[PDB]
Structure formats: C-alpha cells, structure tokens
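Enquirer: Here goes the first bit of my complex:
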Amino acid sequence: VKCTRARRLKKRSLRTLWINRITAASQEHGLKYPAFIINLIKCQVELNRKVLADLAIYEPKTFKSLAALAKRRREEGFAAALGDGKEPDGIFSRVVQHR
Amino acid sequence: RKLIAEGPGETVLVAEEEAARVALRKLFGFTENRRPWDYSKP
Amino acid sequence: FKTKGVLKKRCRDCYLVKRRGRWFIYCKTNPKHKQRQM
Amino acid sequence: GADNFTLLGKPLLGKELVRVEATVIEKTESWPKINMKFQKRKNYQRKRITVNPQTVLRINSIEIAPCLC
Amino acid sequence: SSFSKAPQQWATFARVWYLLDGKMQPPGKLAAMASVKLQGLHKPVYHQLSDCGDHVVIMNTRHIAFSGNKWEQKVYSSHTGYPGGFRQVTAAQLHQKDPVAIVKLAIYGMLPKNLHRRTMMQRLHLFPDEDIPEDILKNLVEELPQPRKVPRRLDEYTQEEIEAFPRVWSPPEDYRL
Amino acid sequence: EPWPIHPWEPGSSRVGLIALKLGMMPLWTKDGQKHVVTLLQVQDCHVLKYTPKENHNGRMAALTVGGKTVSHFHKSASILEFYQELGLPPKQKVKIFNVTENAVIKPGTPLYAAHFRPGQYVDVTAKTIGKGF
Amino acid sequence: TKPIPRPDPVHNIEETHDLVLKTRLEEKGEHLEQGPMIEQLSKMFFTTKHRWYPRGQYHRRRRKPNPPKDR
Amino acid sequence: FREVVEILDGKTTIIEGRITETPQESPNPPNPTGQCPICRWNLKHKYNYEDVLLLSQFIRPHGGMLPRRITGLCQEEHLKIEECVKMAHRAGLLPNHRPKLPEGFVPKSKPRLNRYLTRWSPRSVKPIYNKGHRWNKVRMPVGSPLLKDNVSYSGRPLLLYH
C-alpha cells in the first residue's frame, strides 16, 4: 500500500526538488523564480522544469543566457506599462504565431 | 599573464598538478568538449 | 483610585491625562474623584 | 547549444537547422510493478501487477546546419 | 571542465564560508538568508540526503535592531523541567544577558525540524562584536549584503544635502523656538 | 628566591589550607557561656601549582594546595611523576583555591596553622558522613 | 590572483632534530578513549558527536557489498 | 526667530528680546495653488519616518514640535508629522535635538537598544506572556495606522500588525 501511494508522491517530490534547484540557480543571477518563469514563457520557450534543472547544474553558461533572456524580457514589460501602452512590442516581446 | 588552465584540489600541491593535467588535455586536443568520434558510414 | 470602565468628570476641576497607556482622571480639590481605566 | 553558442526555439527549431538521429537498441518489458489498494475494516484488497513495455534508444549524432538568417 | 573525476567532485561539493554583518539589522531578516545558506538551498546541486551545507559567520550581533516594540513585548520562555521552573524572559532581558541568544534562537527555529538541524547549527558562528579569531577570518570567501538599508541620522547628512532639500515653509520672524 | 610580595588591597583574597579533623573539645568564654570547638590539625600543607588568571576563570588566579603525605607505592604514574619534578612526597587530597593576583605564592611554599589568626571567621568544606542507601 | 603560498610549512615539514644523529620519525600518540576521541573529531569536521559511534551487527550486515555504480 | 535674554547686573535684572534672521521658504514650489505646506510641494503621501530633512523643519531645537497654527499644516497631515517625529526620536535619529544636561550624561546606563518603527513608548508596553494560538493571536504593533495611506510601489499593503 505504501508502495503505490509513494509512487504517486514520487512525481510530486521530484517536481518540488526541481523548483528548488531552479530557484537556487536563478537567485545566483539576482532573479527570483516567479520572474524567471513567466518572463521565459512570454518568449515562447517551452522548457519544462525537469530540463531547466539539468541545464542549471551541467550548463552554467547556457542557464545564464536563459536568465539573461528572462531579465531582458521582464524589463521590456515594465517599459510598456510605464509608457502610454502604445509602444510597439519589444524586440524580444514580439509574438510569432505558427499557422 | 594569460590563463590557460585551472584546477581544483584538496591542497595546493594536488591542485597545481591538476592544473597541469587540464593544460595538457587542452594542448593535446583531448578535452571533454571535443568533437565526438565519427561512426557514420565512410 | 477607583478602577472603572468609563471615565466621567464628577467636578469641573477633574482633568484627563494619559499615563502608562491608560487614561487617568486626576483631581486636585477632591482626591476621591481619582479614577483609572481598566 | 555548444560551449560558445546556444540556439533557442520559438518553441521549435526548424528541421533544416539541426538534425538529430537515434538508433533503437532494445524493445523490452519493465520490471513487475505492484499496485495495491486497501481500505480499513471493510475487507477490500485489490492486487494487480503492471508490466509496461519499454524501448531503449541510442542517440548517435547531432548536427547543426550552417544556414541561419 | 576537463577535470579529473576526483577533483571535479571535490570542487562541486565544496564548503564555502560567508560573512554577514549585523549592525542595525533585524534578526528575522538576518536569519532568513542565514537559514538558506546553512541548508544549501542556494546550490543547484541541493538535496536533503546529501551533506551540502555552508558555514555562516555573523558579526556585530549585539547591535541588532528589533522592529517596533518587540524589545519589550516579545518574550522567550523555557521550562527547566522541575516543578515551578517555568521562566519567561523578555527580549530585552535576554539580549542583555546573552548577546547572541536572540539571533541564535531565530535561526534555530527557522531551519528544518529534522535531525540535521543539530548538525547544521554547528556550522553557524556568532560573535557579539568584530572580534573574530584569525583562523575563522582566513576561511571566509564573500560577504552577504545587508538585508535592511540603514537610515542615516541628521548629523550624518552633508551640508550639500541640507542645502539641496527645499525649505517647505517660511516660519514667522516673531516666533520664539 | 620567592615571588614578590605586594601590600594588602581592598577586595583581596588569601590562600586557604588543607587540615585534618581530630575531634571536639568544650570551650568557655569570659561571660560564662559554653562553646564547642573542633580541633583541625594541619599536617603537611604545600602549594602545588599556580594557574594564570586567564587560564582558569578569567577573574581570579587559582592556587593548588595538597593534603597530608601518602605512600608513593599506591599512586598513579602521572601523579608520582608530577611530584618528582617539584620535589615533594605525594599528597592525599588536592583542592583548588581562588586567589587574586596580588596574593600569589610560589609553588612549594609550606603553610602552617598560623596562617589564620584568632578572631577570624573561616569556612570549612569537606565530604560529609556517608550513610549509604 | 594572489601568489602561491608555497613555503607555508617550510620548516615544519622538514625539521632536523640535530646534525650529529639521524632524524627520527617518532609519531607520538596518545590514543584517547572513545569519549575524548569523538569530541575531537566532531570539532575538527564541524559535525555533531552522535554519528561517530559504530552500529550493531544488524545494520552492518544488511549493507549491500557491491552497490551499483554509474558512469 | 526671536530669543529672550535675561541678565543680572548688580541686583538689577534686564529682560529683552532680540530678533535673529530667519530662513525663508524656497522660491518656486511645484504646486503653487496648494494650501498647506505638505501638499504645496507634492509631498503628500510620500514621506516616512526616515525623511529627517522634512521632519527637522517642524520641530523645536529641544525636540518639541511646533503648533499647527504657526506651521499651517492641515490637521490630517499634522498628526502624521507628529507621529513620524515621535517615531524618529525613538529610532535614534535626530541626535542634536535633545536637551543638554551636563550632570546626567556622565552616569552612563545600559547601552541603547537599536529600534525603529516603534508605535508606542518603551516604558508603556507590557510583555506578552500569553501570546495565544492562531485563532486568537496577540500581534505586536509596528508602525502607525496614520501612515497606511503612503504610496506602495510594490503594491502590497503595509503589514502594520506583526
């Protein structure tokens, strides 16, 4: 009985572990986890938390670029709000729709 | 005054030898980032 | 003193004053008017 | 990506830019996994064994085309 | 990194010493970052089973600044076990007796409540003032920033700043201050 | 060649002794009252070692005083070796005294019952009579 | 970067007791009891003292002789 | 500013008042049509206990506060300024605005405990021996409710009771 219930919790526990590693590797660059995720999705980069944790440990340079990408995207969002809202979408904020 | 290799270690003497190991691996073109061995049909 | 809930001035010489976080009715002519909020 | 560069997709990279090939090795079955449900003092036990078919892949080469706008 | 297998593992799981000043810093904000470093929640290689953990050195713990009236309202209570041995000590009284007790108790309550809390508390070094042994000083790596920006008093403002800030009102000439 | 002697200062503490309890005697005062006195004899008292102020307590220095002479053949190897360097026979009981820096005595200096002058009030510390379970 | 502290134990590593007799490799030992030994190691490695004691035969025997090894 | 001078010259006492030149208001305020000084310079809902440069212009040389009639502040802002000055003194700022007493500085006491955002006074709060569970919790006040209208750049409301 404990085998099956833990098997259900195995997926939850590993997901929690990945977020801690992503948060730890994101705070190292001065960017919080909530800001690193939403501002990466706005760039249409669909990477799950499993591979982001792996990039954090074994790819220190690449994870910096993703962190650098998120910070640049976030700083563009604030500029639009600060303006009149009629600013053309940022050079990184442009949405590309495949159809 | 140009960095070519860097190695960690328990002590300075052990770390310094590891620095030479990294330098030799880079000079001999036998690093861990090297192009993987080609196995395609010739 | 007289520990009471609501403070009222029994004579015109009673003066309110807030000390130690509570309101005290201090009177000079009649010491029996001294009251203390609980 | 490599040591000195990294390419991001939105959300996918074109087939003309990077080619990845893999070779199938083993088509096997997983070890017996046990799934049991039990409820107290109601006399309800259900035991079933799951054997999930599995496939092992070997990734051989990853190539990057030099075509990039 | 082209390191050998042994030195590569040693470098990744290295212990790092941190320095954290405490001059006019609340213990709660001091303990929040200190708890993370002790656990290892800043390393992307973190895992509870692994022994990852970093030493933290906190100096000037006599000059902590409790926010609000917590110096007289917050109390620390303990029981010696014997009947009639229930002692409640105000925050001000405890800090006057044991200078590092306020910070140590704050961290001791924020770490995870497993059996590793005793192990990871041994790596925490507290000093009432800037009197650190030379052995501890040589182990440090970097200093963590202060979590609270210390406001400056009136006498610390330069005369250039005083003249720059506008005079809001014009007092009458006949008033006696 | 003893250590230098300093004049008395307020708040200074002296060095005690180790004595042997003989028995009790009755004693009478000039007002007719009767008092009971306990005979404490000092047999062999020598200061053994001196501990610096910062190595014992941080406030007052510590002076070590030994008891009466005992046989060499029933003491530990370290205990016999310690007394050999000083040059004294082994002692029975060893106690630690808290002494200020202005009343330090060179180790190996004998002490006598004249250390206490009549009229003074003194304390006594010893193991009481054990009555078992 | 700072220069390598090469001669830190320069005299400690190689000390000649005398120039008339050969050097002696006499590693003096105290062999402290289990009590003082554990508290010496715990202070050395900045750990507690509860993990330096051994365990019973039951826990020792159930450890896997050949743990799986990756890489 | 006017000051009073009392002189004793051989069983004769002379008391006279002398006028000292007073600094004036800055020439150009951003909002000339304002009424009270605080909202005339667009300082409404933008100052806190830290702003010593503002709170040092509505206080006496010995730590007291000037009356609302002289300054001209509105009642709503005057109470907020009064609260900030009280919090500033307890926080340790404004060290030159204490009265001078040569006899009392020599007998030092227990070192000052650093504090900030103290709503009450140090001598009028009693320890919370029986705190209580989460459904009836005695919360230690921090800051004052008079400063809950200040602008919040983060957007989260200020936590006054914690």
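Expert: Perfect, I can see it now. Numbers count the residues shown, from 1 in each chain, chains lettered A, B, ... in the order given.
Enquirer: The residue of chain C found nearest chain G: what's it in contact with?
Expert: The minimum distance from chain C to chain G, using C-beta to the nearest C-beta, falls at residue C:21 (46.6 Å). (Each C-beta comes from the backbone N, C-alpha and C, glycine too.) For residue C:21, the contacting residues are H:120, H:124, H:125, by C-beta atoms under 8 Å, 6 or more residues apart in numbering or on different chains.
Enquirer: got the residues of chain A near chain E?
Expert: In this structure, chain A approaches chain E at residues A:17, A:20, A:21, A:22, A:23, A:24, A:25, A:27, A:28, A:53, A:56, A:57, judged by C-beta under 8 Å from any C-beta of the partner chain.
Enquirer: Strands along chain D, start to end?
Expert: D:18-29, D:33-39, D:44-50, D:53-64 (DSSP state E).
Enquirer: I'd guessed residue F:91 sits against residue F:44; true?
Expert: Yes. Counting by C-beta atoms under 8 Å, residue F:91 does reach residue F:44; the two are 7.2 Å apart.
Enquirer: What helix or strand is the most centrally placed residue in chain F located in?
Expert: The central residue of chain F, meaning the one whose C-alpha is nearest the mean C-alpha position (C-alpha atoms, centre = their mean), is residue F:17 at 2.1 Å. When elements are defined using DSSP states H and E, residue F:17 is found to belong to no helix and no strand.
Enquirer: how close does it sit to residue D:23?
Expert: When distances are taken as C-beta to C-beta, to the nearest Å, residue F:17 and residue D:23 turn out to be 95 Å apart.
Enquirer: do the same with residue F:81
Expert: The spacing between residue F:81 and residue D:23, counted by C-beta to C-beta, is 79 Å.
Enquirer: Just give me how far the strand or helix carrying residue F:48 sits from the chain centre.
Expert: Here residue F:48, judged by DSSP H and E, is contained in strand F:47-51. Using C-alpha atoms, centre = their mean, to the nearest Å, the mean C-alpha position of strand F:47-51 is found 11 Å from that of the whole chain.
Enquirer: here's RNA strand I, add it to the model above:
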RNA sequence: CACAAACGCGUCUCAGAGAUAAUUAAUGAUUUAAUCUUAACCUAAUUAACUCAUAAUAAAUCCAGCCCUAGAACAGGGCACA
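Expert: The block that follows adds RNA strand I to the chains above:
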C-alpha cells in the same frame, strides 16, 4: 546507649548586587499657560519573583590482596614511617 557507632530531646551555621508592578515626583511639547511623558533627553523615590556576583566539583590510564568512620553489586579512600 551491654560494639569501637548510630540517634534527638542536644550542639552548630544560614548571605551581597542588579532588576522590577501599582504608585509618587522633577524637567517639558503637541496646546509658547499648565501637565510624572503608549512626546523626546536626562534623572528620582519605589512589592515579590527572577538573574548574577560568590561558594561547591576539578590530577585521563598503581590496583592482585588486606583494611576502612566508602559501600546492595560495581565503584571510592588508605596499605613509607603506624
């Protein structure tokens, strides 16, 4: 009290500093008066707790045997002149 001891009915000894609650008073502003102040600075008179000064403890690694005012066992103190 028919043991060389135990025992009471007998004899001996029993402490300084900080710190506080209600309350009382000085200086003083919002309120140029006054006003002990969940106004500031300094300062005064003041319950019991409580905390501490201080005192007790202190030597790593003779120990078969015998003795002991040490003791259930195990430990502990003596065994050179006695």
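Enquirer: moving C-terminal of the strand holding residue F:48, what's the next helix or strand?
Expert: Heading towards the C-terminus - elements assigned by DSSP H and E - strand F:47-51 is followed by helix F:53-56.
Enquirer: Which SSE is immediately downstream of that next one?
Expert: Moving toward the C-terminus from helix F:53-56, the next helix or strand (DSSP H and E) is strand F:61-66.
Enquirer: So is that following strand next to RNA strand I?
Expert: Yes. Counting by C-beta under 7 Å from any atom of the strand, contacts between strand F:61-66 and RNA strand I involve F:62, F:66.
Enquirer: That strand - contacts with which helices or strands?
Expert: When contacts are defined as 3 or more C-beta pairs under 8 Å, 6 or more residues apart in numbering or on different chains; DSSP states H and E, strand F:61-66 sits against strand F:47-51, strand F:94-99.
Enquirer: quick one: the residue nearest to the centre of chain F and residue F:45 touch, right?
Expert: Yes. In this structure, residue F:17 is within contact of residue F:45 by C-beta under 8 Å, at 5.1 Å.
Enquirer: and the strand holding residue F:48, which residues are buried?
Expert: Counting neighbours by 16 or more other C-beta atoms under 10 Å in any protein chain shown, one finds that the buried residues in strand F:47-51 are F:47, F:48, F:50.
Enquirer: swap in stretch E:110-117?
Expert: Judged by neighbour count using 16+ other C-beta under 10 Å, the buried positions of stretch E:110-117 are E:110, E:111, E:116, E:117.
Enquirer: Against residue H:112, how distant is the most centrally placed residue in chain E?
Expert: Here the mean C-alpha position of chain E is nearest to the C-alpha of residue E:30 (C-alpha atoms, centre = their mean), at a distance of 3.1 Å. If you measure residue E:30 against residue H:112 using C-beta to C-beta, the figure is 19 Å.
Enquirer: Now do the closest residue to chain G within chain F: how many residues are near it, please.
Expert: For chain F, the nearest residue to chain G under the criterion C-beta to the nearest C-beta is residue F:78, separated by 12.6 Å. One way to gauge burial is a neighbour count; for residue F:78, by other C-beta atoms under 10 Å in any protein chain shown, it gives 7.
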